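Two forms of a single protein chain come next, each set out by itself as structure tokens; they are called structure 1 and structure 2.
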Structure 1
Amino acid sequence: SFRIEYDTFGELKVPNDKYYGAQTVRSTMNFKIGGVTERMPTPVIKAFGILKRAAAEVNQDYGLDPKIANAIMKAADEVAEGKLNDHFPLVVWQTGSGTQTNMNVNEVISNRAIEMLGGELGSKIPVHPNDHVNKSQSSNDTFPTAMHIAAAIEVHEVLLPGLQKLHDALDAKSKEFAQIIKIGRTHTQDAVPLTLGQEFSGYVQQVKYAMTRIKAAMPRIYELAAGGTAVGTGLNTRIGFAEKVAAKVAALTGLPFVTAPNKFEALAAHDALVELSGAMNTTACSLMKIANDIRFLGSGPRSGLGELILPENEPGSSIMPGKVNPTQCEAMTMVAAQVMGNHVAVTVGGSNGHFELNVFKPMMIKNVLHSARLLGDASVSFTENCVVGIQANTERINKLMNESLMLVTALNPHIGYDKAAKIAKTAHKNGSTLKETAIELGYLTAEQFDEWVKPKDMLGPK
């Protein structure tokens, strides 16, 4: 059930049902940091598939045998399509260049291509991991290329679609709640009116701006390092390889990938991952506020604010009979907190480049992909399992709004804020309504108050 491969350190049993070789087994022995939970994220593996596919096709221009190139392309496609995920056992906590994973990809594509050409697994015949699959490449330019492909795909496939669904659901609710006049709260204190639609329009703008911020952080993610080789010079690669590989990846993905104009900047730093993480960090601040507001507006049902009725997805507590909780708000705010921590991890990695290579690469892409996936998935879940089903408690909203002492703000231009403040202070002290306190105080008539104090008229400038 094992074959035998060798490196300069000894012989290695390799499971016969695995496409990886001696370098990968050696790497599993040397980097036992975290369990299977710490394995290189799938999107990086798939991006390596896309990248090696592109390199194999392009390398035909620079002397790669079409028969071999074709088999490498088919094997690479299987990696990209997630058919060979079980042949990647290596953790994030490896070489800072992601060398072990590049070798893992080179070995798996080599042996799968060998199998397709009816060769012997482990023979490197006729497909050699270094001479064919890694031709014109280093880990130094391929791992960054895989990071940017993986990041771009996760943003377009998961993060932005998630935020789009949340935007559309919040906007629907904004329109639905456009007529409902509620009380504003500033410093958590009773303030002047606004519509529940107006409050929700704030959330809509925040999510719209989140998608703008993420798109604004993508242009330099579309720059691929492929062609820089060891130090960015492109030593032992051919003129045009960098441009052709980038164009091939753009064609394969339908995303506007281009070669990095400066390969030194592309290898020595991952400032684009720090930039993208920063956009997701801003998104996390927006989502924390939206989810926390909805949590508190839905609080009660009796001794909270109780302005919103949130959908019940789970049965109530057995220890507090029938009690139901804003559980999607909790999942979203926990994700928001995680993204903020991930961002600091990305920042520390990004700041610690040395000369020609930043060697924090696996850690940086792990945190960026984690944040993008969590934000995308949480946005869908928060939308489908909370936002779309939110109802307004119109009776309660109307009571809380009408009872607010700060409706006397409407009397500011009519009787001055000194007299308005006396009415509010007196009504508060007496447990009285504003109307009767103003009549008893003799600042206006019952008919004047009913003309000057209409919530419907306090929703815009005059």
Structure 2
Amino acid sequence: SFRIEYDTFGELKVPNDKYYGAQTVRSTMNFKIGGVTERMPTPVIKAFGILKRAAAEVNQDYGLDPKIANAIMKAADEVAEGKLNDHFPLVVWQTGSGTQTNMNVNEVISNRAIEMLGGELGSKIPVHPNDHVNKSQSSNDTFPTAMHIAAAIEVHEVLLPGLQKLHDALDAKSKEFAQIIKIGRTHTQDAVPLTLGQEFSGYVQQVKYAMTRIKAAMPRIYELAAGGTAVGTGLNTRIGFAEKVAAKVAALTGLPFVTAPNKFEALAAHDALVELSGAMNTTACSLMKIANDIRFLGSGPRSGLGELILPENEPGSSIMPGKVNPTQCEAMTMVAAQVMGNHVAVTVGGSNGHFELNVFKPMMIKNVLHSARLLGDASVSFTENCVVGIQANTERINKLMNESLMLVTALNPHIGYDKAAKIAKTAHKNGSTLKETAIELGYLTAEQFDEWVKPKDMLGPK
């Protein structure tokens, strides 16, 4: 049920049903940190499949036999399409250059290509993991290329689309609530009015700006290190390989990948990952505010704020009508906190490069991909299971509007400051409304109050 392969240290059993080889088994024996939840993220594995497909096609310019190249391309495609995820057992907590996952990819693609050609698995014949699958590449410039491919795809396919759905849903609710006037809160104290539409428009702007921030943090993610080889000079690769492989990855993905203009900067640091994590950190601050606001605005039903009725997704008991826990707000705010911590992990890793090579690469991309997936998925879930279903408690909102003390300044042009202050003070002392008090004090009629106190006229500059 196992085949025997060999490396410099001796023999190793490789399961017959696995496409990896001796280097991967050796790597698993020495880095047993954290268990299977710590396996390298699937986006990184898929990105390696893209990279190795691109390199094999380019390397036909540089001596690679087309029959071998095309077998590599087909196997690499299977990796990219997520068809071979079960053959990647290595964890994030490995060599800090990512070289062990590079070798895992080279072995898997080599053995699958051998199988496609009808040969013996583990033989390196006719597809050699290093001489063919890693041709023109290095142990040091491959993982950083894969992690930028993976980050860009996750931003474009998961993070930005999830934020776009949330933006659109918040914007629809802003329009739906554009005429519902409620009492503002500053310092959490009652304040002058604004509509729920206006308040929600602030959330819309925050999400729009989050997408702008993330896009602004992408130009240097599109720069690929492939071609820098061991220390950035390109020793032991071919002239034109760096440019051709970036152009091929760009063609395969439809994304504007380019070769990094300075390979020393590209290998010695991952400042672009720090930059992108920073944009996700800002996004997390925006989403914490939006979700915590919606949480409190839905508080109640009777001892809270009670402005919003959130959809009920988990069944309650009949004897507790009106109670709805804001559980999508909880998942989102937990995600927001996680992104902030992940950002510190990325920052510490990014600050700690040494000379020609930053060797915190696996941990840095793990945290970036984690934050991107959590923010995108949480945005979709918060949208579909909370935002689109939010209703305004207009009966309670209108009641509290008429009971507020904050509308009293509408009276000043009609009865003057002292009488308006006396109304407010008396109403506060007695627990009555402004209207009731103004009438009892003899300062106006009910008809006058309705004519002069118009919240619709208190919503902008004049």
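Only the largest set of C-alpha atoms that superpose within 1.5 Å between the two forms is called the rigid core. Structure 1's sequence is the ruler for residue numbers, which start at 1.
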{"property": "From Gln60, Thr42, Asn412, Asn30, residue displaced between structure 1 and structure 2 - CA threshold 2 Å or more, rigid core", "result": "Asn412"}
{"property": "Is_shifted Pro321 between structure 1 and structure 2 (CA, 2 Å cut-off, rigid core)", "result": "yes"}
{"property": "Rigid-core frame, C-alpha of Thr445, shift of 2 angstroms or more between structure 1 and structure 2", "result": "yes"}
{"property": "C-alpha of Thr426 off by 2 Å or more between structure 1 and structure 2 on rigid core", "result": "yes"}
{"property": "Distance moved by the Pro256 C-alpha between structure 1 and structure 2 (core-aligned, Å)", "result": "0.3"}
{"property": "Shift in Å of the C-alpha at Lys435 between structure 1 and structure 2 after core superposition", "result": "4.5"}
{"property": "Core superposition result - C-alpha of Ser138, shift between structure 1 and structure 2, Å", "result": "1.1"}
